[PDB]
Amino acid sequence: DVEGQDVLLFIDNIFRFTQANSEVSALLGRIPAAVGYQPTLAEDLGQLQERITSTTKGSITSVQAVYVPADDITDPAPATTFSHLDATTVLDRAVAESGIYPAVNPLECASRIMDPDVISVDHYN
Amino acid sequence: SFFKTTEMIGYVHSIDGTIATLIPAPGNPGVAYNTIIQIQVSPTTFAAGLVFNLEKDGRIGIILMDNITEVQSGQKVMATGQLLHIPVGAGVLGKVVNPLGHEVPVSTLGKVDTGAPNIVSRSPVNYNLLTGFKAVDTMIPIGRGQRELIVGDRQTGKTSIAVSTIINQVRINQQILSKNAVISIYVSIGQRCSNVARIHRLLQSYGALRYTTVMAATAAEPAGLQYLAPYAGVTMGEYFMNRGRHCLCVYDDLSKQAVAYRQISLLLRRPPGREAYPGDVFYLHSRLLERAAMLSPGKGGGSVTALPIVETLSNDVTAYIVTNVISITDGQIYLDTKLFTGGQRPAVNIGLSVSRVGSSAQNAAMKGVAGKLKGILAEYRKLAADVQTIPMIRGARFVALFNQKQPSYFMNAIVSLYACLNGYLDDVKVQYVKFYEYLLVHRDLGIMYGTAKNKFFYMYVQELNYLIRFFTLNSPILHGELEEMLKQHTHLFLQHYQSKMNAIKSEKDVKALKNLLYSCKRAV
Amino acid sequence: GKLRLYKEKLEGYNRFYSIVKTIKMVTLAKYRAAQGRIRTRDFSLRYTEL
Amino acid sequence: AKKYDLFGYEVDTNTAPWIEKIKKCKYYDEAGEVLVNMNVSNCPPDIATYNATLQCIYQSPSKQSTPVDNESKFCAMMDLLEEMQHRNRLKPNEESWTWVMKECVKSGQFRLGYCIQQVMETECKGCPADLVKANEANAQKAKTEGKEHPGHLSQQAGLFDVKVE
Ligand SMILES: Nc1ncnc2c1ncn2[C@@H]1O[C@H](COP(=O)(O)OP(=O)(O)O)[C@@H](O)[C@H]1O
Ligand SMILES: [Mg+2]
């Protein structure tokens, strides 16, 4: 905002934010939602992740790590995060153990800029 | 808007993020249920809130909406004594708006809390609503006033198919009488902020903002707004419905609304049940979707069509929020993840998808071709599991035709499907169907100096669209003239254009063939 | 977790049945072609026995 | 004389008051707003009402003060026919399709005119002549002046080279 600049942000790990809030939320006396997380799980990520964005003044370009607990991608902590992201990188354990590193399962992955308008036609095809 | 204060009902006692409870002021006035209340954050500014609990003590449970950081304990609370009304009309179109009604910078009011039309108020759905997709408009046809669910995983094309349905209306709406124009209302519940901006620009570039208004409650904004966002969306549509006009309502998505309502319910100590949701989470979506309807001739004959989106986690329909919305809506449009990555886009799983009022909803012309397609694809799917028959050839071409990025015009869709039905793409190979379809719509081979001689029927004349809708293709007026156009197009395409494929077996020509064919998938 | 994996185990057997049913049905066609024989047979090797 | 709706309640057949509202038209989008107001007051459009609307589509300019993008009196006109035939269940009489033929020759869209005289001749067994020669005049007008089709699209020999845009 102030200096007006392109900046990188590196959050390792964004699950630990949600998990940290899950500890206090129990002791604060809130009733837990699905899978024992705080009821404000979507709202906690909302106010944090919305601040991470490219404004007119400058530009944040945030890489984040997301822990998938028990390799369960349907869990609220990653599932809620997926909606916020521009390029979702999904790492699979079976791909890692087979020998392929990095362990990126390309079918579950996605990117917004995977589009003939942004990247070249030869890239997309 | 700036709401109307009346009486100072109490003081703020506790806050818990976006929820609060009040203590009543001396006298114990008692605010009415489900009404707006203004909390004085400063002498000049207020902060809105909705009443959700009226306890025996005199205490009043509040759902915070505006200026949540500025709310504090001990602040004064003024009451409206009224249900939430918002700005509604034609003047609100082409703008982004909150559930409370404030415009986002980038008209008589109407109640958000309203009962749905009763038994004698409604009528059977007859008017069609074109999504602009050959897969949908044939097999899973949506009628005006119908509630058609969109389900599937993340990045399966749930938003795109809903947004392109709004964009498909502009070509019709521009040409038709404004009485029958489909005014759209895209509700964005719990989404990322930049996603709303990209949809705004995408709607603006296709001229959709003229016939569209964008309800918006982003992820930054609180649960109170997200909870109320689909209700504010329908209110804006009901104006057009009750005043004899047809409307469309997209909720993107009801999954994030439920999570926002669960937050509100849990924070106010409402007893939770299945997957920690309250008892009335079914009632939440039910009273929303039932307000979408097709009214009778006695009350204008207007409509609000609903396209609720509901995200599933790894193709799991057994989840509580997903199973609830399926039981309310009139069937669904299931988007499979394997079909998306496989190639088929939109990735519409026809076996899983269904429209409960399909036949009556379709156009007379579209009903003619589509009735046969159900018989062909049924036999093709069975024979594919278990030597090429006529159904096997023609069935495979339909699958190639269903792939499309942007929505097709009704004339350009139905003719390319009619060609495949009567078997004009049998000699044409499966990979060259999109090149065949492109040369049918934009270009024309008969007129391309030679064997033309048609008196009226051509594809460049887009105005024939509405004559086809009246008379159908299978009719003495257009049947003979249409079958000329297709006979000229096939014979010339097979002779002059498809002859290249036996030829082209070299570097820089095979690649040129690919780049040509890949671009043909996008433009229908 | 368990809800997804037991479904994917069940989806595994569904693909198993469909592929094995393809072998079943294909070998019926061969069995129909092959049984065009039982009506004939045997009389061709009369003097082969001697 | 008497009529009933789908439930069986009484319906207002008094059409004549709503007809004179459509005559004071000015711009043809206002005719639709009247057609809404009849249905709202349990008074379904009569066969004469649709023809009175069809008249206003022909006579006036387009929607209202400002012009809309890609105006089409024919498309607005043919939508109204689809409403009366399929949904409301009313066969358009000889007057209905004569208003359609007038708009083809007036705007100059002769290619539509060829299709709709075929329609008007068949089924409803009537050839109005007056407009047939006026339509055929516009057909010859396109041929002798320059060319009848788009022109730039037709002549350009594609074959492998076709622009995708
Ligand atoms: N019919 C289609 N053809 C090609 N690409 C599509 C189609 N529909 C969606 N997409 C692509 O898929 C991606 C995700 O689409 P989106 O509508 O955001 O899905 P979801 O709402 O399920 O996340 C986008 O980048 C979009 O370009
Ligand atoms: Mg989406």
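If you go along the chain as it appears here, the first residue is 1 and each next one adds 1.
Including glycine, each Cβ sits where the backbone N, Cα and C put it.
Annotated in Swiss-Prot:
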BINDING   B:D153, B:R154, B:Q155, B:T156, B:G157, B:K158, B:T159, B:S160, B:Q404  ATP binding site
SITE      B:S353  site 'Required for activity'
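Features recorded in Swiss-Prot, as mapped to the structure shown.
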residue	record	Cβ contacts under 8 Å, 6 or more apart
B:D153	ATP binding site	B:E311, B:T312, B:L313, B:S314, B:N315, B:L335, B:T337
B:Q155	ATP binding site	B:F340
B:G157	ATP binding site	B:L335, B:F340, B:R345, B:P346, B:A347
B:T159	ATP binding site	B:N195, B:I199, B:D252, B:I309
B:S353	site 'Required for activity'	B:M139, B:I140, B:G331, B:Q332, B:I333, B:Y334
B:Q404	ATP binding site	B:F133, B:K134, B:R345, B:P346, B:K521, B:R522, B:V524
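With an 8 Å limit on C-beta distances, the recorded positions from B:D153, B:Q155, B:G157, B:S353, B:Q404 that reach chain A are B:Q155. In this structure the residues listed as binding ATP are B:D153, B:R154, B:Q155, B:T156, B:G157, B:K158, B:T159, B:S160, B:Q404; their two most distant Cα atoms lie 19 Å apart. Checking the recorded positions B:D153, B:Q155, B:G157, B:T159, B:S353 against ligand 1 with a 6 Å cutoff on the Cβ atom leaves B:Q155, B:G157, B:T159, in sequence order. Checking the recorded positions B:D153, B:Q155, B:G157, B:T159, B:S353, B:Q404 against ligand 2, the ones whose Cβ sits under 6 Å from it are B:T159.
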